[PDB]
Structures are given as C-alpha cells and as structure tokens.
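Below is final_22.cif, which holds mmCIF, C-alpha atoms and all ligand atoms.
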data_my_file
loop_
_atom_site.label_atom_id
_atom_site.label_comp_id
_atom_site.auth_asym_id
_atom_site.auth_seq_id
_atom_site.Cartn_x
_atom_site.Cartn_y
_atom_site.Cartn_z
CA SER A 1047 129.91 118.05 -195.98
CA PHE A 1048 130.87 115.85 -192.95
CA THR A 1049 130.22 115.42 -189.14
CA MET A 1050 131.61 117.49 -186.25
CA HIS A 1051 128.83 117.12 -183.60
CA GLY A 1052 130.82 115.69 -180.59
CA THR A 1053 132.04 119.14 -179.45
CA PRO A 1054 134.79 119.52 -176.77
CA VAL A 1055 134.93 122.28 -174.07
CA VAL A 1056 138.06 123.24 -172.06
CA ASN A 1057 137.48 122.52 -168.36
CA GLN A 1058 140.76 122.65 -166.30
CA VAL A 1059 144.47 123.62 -166.86
CA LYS A 1060 147.61 122.82 -164.75
CA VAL A 1061 151.32 123.85 -165.22
CA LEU A 1062 154.40 121.55 -165.06
CA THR A 1063 157.42 123.71 -166.26
CA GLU A 1064 156.74 126.20 -163.37
CA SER A 1065 159.48 128.92 -163.03
CA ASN A 1066 161.74 127.03 -165.57
CA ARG A 1067 160.64 128.09 -169.16
CA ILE A 1068 156.98 129.12 -169.82
CA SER A 1069 154.11 130.43 -167.55
CA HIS A 1070 150.33 129.60 -167.77
CA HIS A 1071 149.33 132.77 -169.72
CA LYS A 1072 152.05 132.27 -172.42
CA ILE A 1073 151.10 128.50 -172.53
CA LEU A 1074 147.42 129.32 -173.38
CA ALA A 1075 148.59 132.08 -175.80
CA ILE A 1076 150.90 129.74 -177.86
CA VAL A 1077 148.32 126.86 -177.95
CA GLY A 1078 145.43 129.26 -178.84
CA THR A 1079 147.51 131.01 -181.59
CA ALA A 1080 148.66 127.61 -183.00
CA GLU A 1081 145.05 126.25 -183.13
CA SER A 1082 143.99 129.65 -184.65
CA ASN A 1083 146.17 128.57 -187.69
CA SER A 1084 145.52 124.73 -187.59
CA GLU A 1085 142.36 122.80 -188.78
CA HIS A 1086 141.67 120.42 -185.83
CA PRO A 1087 138.38 119.66 -183.90
CA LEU A 1088 139.68 119.67 -180.27
CA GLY A 1089 142.51 122.24 -179.79
CA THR A 1090 140.19 124.95 -181.27
CA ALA A 1091 138.41 124.99 -177.84
CA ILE A 1092 141.68 126.60 -176.55
CA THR A 1093 141.55 129.07 -179.55
CA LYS A 1094 138.25 130.43 -178.07
CA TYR A 1095 139.55 130.35 -174.43
CA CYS A 1096 142.52 132.51 -175.57
CA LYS A 1097 140.47 134.79 -177.98
CA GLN A 1098 137.84 135.50 -175.26
CA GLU A 1099 140.72 136.33 -172.79
CA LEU A 1100 142.66 138.65 -175.21
CA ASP A 1101 139.49 140.55 -176.44
CA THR A 1102 141.09 141.03 -179.91
CA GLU A 1103 140.39 138.16 -182.48
CA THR A 1104 143.72 138.97 -184.36
CA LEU A 1105 145.76 135.98 -182.99
CA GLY A 1106 147.96 133.34 -184.81
CA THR A 1107 150.91 133.74 -187.28
CA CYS A 1108 152.93 131.10 -189.31
CA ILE A 1109 153.10 127.41 -188.24
CA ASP A 1110 155.12 124.46 -189.73
CA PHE A 1111 153.23 121.28 -188.72
CA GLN A 1112 153.44 117.47 -188.49
CA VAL A 1113 149.92 115.91 -187.67
CA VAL A 1114 148.59 112.45 -186.45
CA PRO A 1115 144.97 111.11 -185.97
CA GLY A 1116 144.16 110.50 -182.24
CA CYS A 1117 147.85 110.83 -181.13
CA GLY A 1118 148.14 114.70 -181.25
CA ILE A 1119 150.20 117.10 -183.45
CA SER A 1120 153.59 118.96 -183.49
CA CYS A 1121 154.61 122.28 -185.17
CA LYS A 1122 156.98 125.28 -185.20
CA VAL A 1123 155.02 128.53 -184.39
CA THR A 1124 156.36 132.06 -185.07
CA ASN A 1125 155.34 135.62 -184.29
CA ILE A 1126 158.35 136.98 -182.24
CA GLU A 1127 160.45 137.69 -185.43
CA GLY A 1128 158.33 136.13 -188.25
CA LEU A 1129 159.10 139.19 -190.51
CA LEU A 1130 161.82 137.15 -192.36
CA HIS A 1131 159.36 134.43 -193.63
CA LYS A 1132 160.84 130.83 -193.48
CA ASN A 1133 161.78 128.05 -195.93
CA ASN A 1134 160.02 124.93 -194.51
CA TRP A 1135 160.25 122.24 -197.31
CA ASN A 1136 160.49 118.64 -195.88
CA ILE A 1137 162.67 120.33 -193.18
CA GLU A 1138 162.28 117.62 -190.45
CA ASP A 1139 164.41 115.47 -192.82
CA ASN A 1140 165.96 118.16 -195.17
CA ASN A 1141 169.61 117.27 -194.49
CA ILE A 1142 172.68 119.55 -194.63
CA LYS A 1143 174.98 116.52 -195.30
CA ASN A 1144 174.48 112.69 -195.11
CA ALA A 1145 178.28 112.40 -194.40
CA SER A 1146 181.22 113.47 -192.09
CA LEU A 1147 181.99 117.20 -191.29
CA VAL A 1148 183.49 117.76 -187.74
CA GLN A 1149 186.89 116.24 -188.68
CA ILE A 1150 186.78 114.32 -192.01
CA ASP A 1151 190.50 113.31 -191.84
CA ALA A 1152 189.70 111.41 -188.56
CA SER A 1153 186.18 110.18 -189.64
CA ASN A 1154 185.47 108.43 -192.99
CA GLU A 1155 187.11 110.31 -195.92
CA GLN A 1156 184.57 109.37 -198.69
CA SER A 1157 184.65 112.81 -200.43
CA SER A 1158 185.91 116.44 -200.71
CA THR A 1159 182.45 117.67 -199.42
CA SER A 1160 180.53 121.01 -199.49
CA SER A 1161 181.14 123.28 -196.39
CA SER A 1162 178.80 126.34 -196.90
CA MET A 1163 175.96 125.42 -199.35
CA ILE A 1164 172.75 124.04 -197.63
CA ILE A 1165 174.79 123.66 -194.33
CA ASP A 1166 173.64 126.37 -191.78
CA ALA A 1167 171.07 127.55 -194.46
CA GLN A 1168 168.09 126.39 -192.30
CA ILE A 1169 169.63 127.07 -188.83
CA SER A 1170 170.61 130.73 -189.45
CA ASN A 1171 167.15 131.11 -191.09
CA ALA A 1172 165.39 129.86 -187.86
CA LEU A 1173 167.79 131.76 -185.49
CA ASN A 1174 166.79 135.10 -187.18
CA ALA A 1175 163.14 134.11 -188.07
CA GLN A 1176 162.67 133.30 -184.36
CA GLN A 1177 160.40 130.40 -183.64
CA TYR A 1178 158.99 127.90 -181.09
CA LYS A 1179 158.70 124.04 -181.18
CA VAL A 1180 155.30 122.98 -179.68
CA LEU A 1181 153.24 119.74 -179.47
CA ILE A 1182 149.94 118.68 -177.81
CA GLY A 1183 147.65 115.63 -177.33
CA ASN A 1184 147.18 111.98 -176.27
CA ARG A 1185 149.87 110.40 -173.94
CA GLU A 1186 152.31 108.22 -176.01
CA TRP A 1187 154.01 111.14 -177.91
CA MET A 1188 154.38 112.91 -174.50
CA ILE A 1189 156.56 109.88 -173.55
CA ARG A 1190 158.41 109.55 -176.95
CA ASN A 1191 159.50 113.28 -177.05
CA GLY A 1192 162.35 112.40 -174.54
CA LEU A 1193 160.41 113.77 -171.50
CA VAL A 1194 159.89 112.37 -167.93
CA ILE A 1195 156.35 111.81 -166.49
CA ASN A 1196 155.80 111.98 -162.68
CA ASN A 1197 153.41 109.89 -160.48
CA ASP A 1198 151.30 112.97 -159.42
CA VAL A 1199 150.39 114.20 -162.93
CA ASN A 1200 149.61 110.53 -163.84
CA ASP A 1201 147.30 110.20 -160.75
CA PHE A 1202 145.68 113.54 -161.83
CA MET A 1203 145.45 112.34 -165.53
CA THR A 1204 143.85 108.85 -165.16
CA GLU A 1205 141.33 110.40 -162.69
CA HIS A 1206 139.84 112.62 -165.47
CA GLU A 1207 139.83 109.49 -167.72
CA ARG A 1208 138.02 107.57 -164.84
CA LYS A 1209 135.44 110.42 -164.73
CA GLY A 1210 135.02 109.63 -168.50
CA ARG A 1211 136.33 113.07 -169.72
CA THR A 1212 139.08 114.05 -172.26
CA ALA A 1213 142.57 114.17 -170.63
CA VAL A 1214 145.72 115.48 -172.51
CA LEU A 1215 149.23 117.05 -172.12
CA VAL A 1216 151.29 119.90 -173.79
CA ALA A 1217 155.08 119.83 -174.56
CA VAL A 1218 157.46 122.59 -175.83
CA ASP A 1219 161.09 122.40 -177.18
CA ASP A 1220 161.65 118.99 -175.45
CA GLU A 1221 160.19 120.23 -172.08
CA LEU A 1222 156.73 119.37 -170.55
CA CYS A 1223 154.84 122.71 -170.00
CA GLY A 1224 151.45 121.49 -168.63
CA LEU A 1225 148.17 119.52 -168.95
CA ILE A 1226 144.47 120.03 -169.84
CA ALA A 1227 141.11 118.46 -168.80
CA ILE A 1228 138.23 118.71 -171.35
CA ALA A 1229 134.52 117.61 -171.54
CA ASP A 1230 131.81 116.92 -174.24
CA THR A 1231 128.79 119.23 -175.13
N1 LIG A 1301 144.51 119.93 -182.18
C1 LIG A 1301 144.69 118.82 -181.51
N2 LIG A 1301 145.74 118.86 -180.70
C2 LIG A 1301 145.99 117.80 -179.96
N3 LIG A 1301 145.32 116.66 -179.88
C3 LIG A 1301 144.24 116.66 -180.72
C4 LIG A 1301 143.85 117.67 -181.56
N4 LIG A 1301 142.66 117.33 -182.23
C5 LIG A 1301 142.39 116.13 -181.76
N5 LIG A 1301 143.31 115.65 -180.85
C6 LIG A 1301 143.36 114.33 -180.16
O1 LIG A 1301 142.17 113.59 -180.34
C7 LIG A 1301 142.08 112.66 -179.27
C8 LIG A 1301 140.63 112.23 -179.10
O2 LIG A 1301 140.18 111.42 -180.18
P1 LIG A 1301 138.64 111.31 -180.52
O3 LIG A 1301 138.49 110.09 -181.34
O4 LIG A 1301 137.88 111.42 -179.26
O5 LIG A 1301 138.38 112.58 -181.33
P2 LIG A 1301 137.52 112.62 -182.60
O6 LIG A 1301 138.20 111.77 -183.62
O7 LIG A 1301 137.27 114.04 -182.94
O8 LIG A 1301 136.17 112.03 -182.19
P3 LIG A 1301 135.08 111.38 -182.99
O9 LIG A 1301 135.20 109.98 -182.56
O10 LIG A 1301 133.86 112.05 -182.52
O11 LIG A 1301 135.40 111.62 -184.39
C9 LIG A 1301 142.60 113.40 -178.03
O12 LIG A 1301 143.23 112.55 -177.08
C10 LIG A 1301 143.52 114.48 -178.64
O13 LIG A 1301 144.90 114.40 -178.33
#
As structure tokens, what does this structure read like?
Ligand SMILES: Nc1ncnc2c1ncn2[C@@H]1O[C@H](COP(=O)(O)OP(=O)(O)OP(=O)(O)O)[C@@H](O)[C@H]1O
Amino acid sequence: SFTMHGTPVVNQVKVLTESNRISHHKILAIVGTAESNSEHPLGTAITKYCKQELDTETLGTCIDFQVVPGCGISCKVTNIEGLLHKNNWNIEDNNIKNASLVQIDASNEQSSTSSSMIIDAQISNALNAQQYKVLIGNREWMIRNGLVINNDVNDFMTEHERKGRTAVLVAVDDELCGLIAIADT
C-alpha cells in the first residue's frame, strides 16, 4: 500500500552506437525484456512499448541486477543461451584470487596458490550461459561507466530537460547505445 501516481510515458528514442554493436529494435527489445523482469516505476514504460510491438506478452528471462534510487540501474540479462542457469552470488566482487597469478616468481611470492578452483569458474559459466551487460538512467553513471559524451547528444538532452520532461541514456557492455525522452501523465 503506497503511491505510484506520477506515471511516465515513452515519447522519443535516438541511437548512438549506430552500425557498431546494437540497432534500435534490439535496443528496445533488451530494455523492455529487462524491465519485464525488474520492479521499477519508469523503465516499465519501455516494457509496454516493446510488448505492444512484439504482440506476444512472453518477454523477459533471467537478470542479475545492481540498483540505485534516482541514478538508474545495471544488470546482466540472458535469453540467448540461458539454458545453463547461472551462479550469481555477490559476483561483482566474488574474487577468483586476491593475489598474484600471471607470473608469481616475478610478482610477490606470498604463497603456493590455487590455480583451478574458483578461478575461471564464473567466466566459463558466463561464456556458455551467454549474457549481456546493460544499464539505463540519469546522467552521472553514463559518465562513470568509462564512456564519452558528445556535444550534440548533450544539446539534445538538456533541451528535453528545458521543456521540463524526463531525459535519460542507455549503455551496454561499456558502449553507449542510445537515449530516451519521456513525459508525465
Ligand atoms: N528502471 C529504471 N531504469 C532507469 N532509470 C530509472 C528507472 N526507474 C527510475 N529511474 C530513474 O528515476 C529518475 C527520476 O526520478 P524521479 O524522482 O522523478 O522518479 P520517482 O522517484 O519515481 O518520482 P517521484 O518523485 O514521483 O517518486 C530518472 O532520471 C531515471 O533514471
């Protein structure tokens, strides 16, 4: 029992990774299938925009998220080979080894070390259980994810904010894929 009355509606989309990685139709598919499995108030407008395009309802498979209030969210979304089912426990930290392993005799010989247990155990899991790193929202995480922002998308962005609407970006596997304009209903 809580509020959800300030409803958002998706109003314009533009692409940035054109010809290089992902196209507009796969962009709206991966955002709409991610928000089909999330619990957010805003990105679910793209869930409908996708569901109404696909004419199917049966969209969204497993997600491994990291969420923030106001600043957007990040996750790993599968469907392409999700038939393995992943181990996801604390995995953004879950370390193979907090020590040397490329050439120990040249770099800090503390120990004997493990060389197969836990090492590769998460990488070979993901490389068979094929998956996709995606994030969406705000503007500061769009900076912090190692990306570059251009003066034309910024002139397009602040303009929707000047018009008093909701103005956000979408990133994928350390690339910028595109941007979204949204309004209130
Ligand atoms: N699924 C989501 N994906 C990305 N960003 C999201 C998501 N849900 C919310 N946001 C972020 O929320 C920000 C807007 O915050 P705002 O305070 O307007 O929302 P709200 O908290 O729902 O509003 P209200 O003040 O009515 O509670 C956007 O810039 C957007 O990035």
Next on the checklist: List the spatial neighbours of segment 1053-1057 of chain A as a PyMOL selection string - criterion: any atom at most 12 Å away, only C-alpha atoms, same-chain residues fewer than 4 positions off excluded.
Outcome noted: chain A and resi 1049+1074+1078+1086-1096+1206+1211-1214+1225-1231
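Once residue 1133 of chain A and its same-chain neighbours fewer than 3 positions away are set aside, residues 1137, 1168 and 1171 of chain A remain within 9 Å of it when counting only C-alpha atoms.
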Item to check | For ligand LIG 1301 (chain A), the nearest of the candidates A:1191, A:1069, A:1082, A:1058, counting all atoms listed in the file | outcome: A:1082
Next on the checklist: Using only C-alpha atoms and all ligand atoms for the distances, tell me which of A:1199, A:1216, A:1172, A:1061 is nearest to ligand LIG 1301 (chain A).
Outcome noted: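 Using only C-alpha atoms and all ligand atoms, the shortest distance to ligand LIG 1301 (chain A) belongs to A:1216.
Distances from A:1084, A:1200, A:1047, A:1157 to residue 1122 of chain A were compared using all atoms listed in the file, and the smallest one belongs to A:1084.
Across the model, the gap from atom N5 of ligand LIG 1301 (chain A) to atom CA of residue 1184 of chain A is 7.0 Å.
The interatomic distance for the pair atom CA of residue 1177 of chain A and atom CA of residue 1123 of chain A works out to 5.7 Å.
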Next on the checklist: Please report the interatomic distance between atom CA of residue 1116 of chain A and atom CA of residue 1052 of chain A in Å with one decimal.
Outcome noted: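 These two atoms are separated by 14.4 Å.
Among the candidates A:1149, A:1107, A:1134, A:1063, the residue lying nearest to residue 1080 of chain A is A:1107 (atoms considered: only C-alpha atoms).
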Checklist entry - Using all atoms listed in the file, which of A:1219, A:1186, A:1081, A:1155 sits nearest ligand LIG 1301 (chain A)? => result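 Of the candidates, the smallest distance to ligand LIG 1301 (chain A) is held by A:1081.
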Checklist outcome for this item: Closest of A:1166, A:1071, A:1176, A:1148 to residue 1125 of chain A, counting only C-alpha atoms, is A:1176
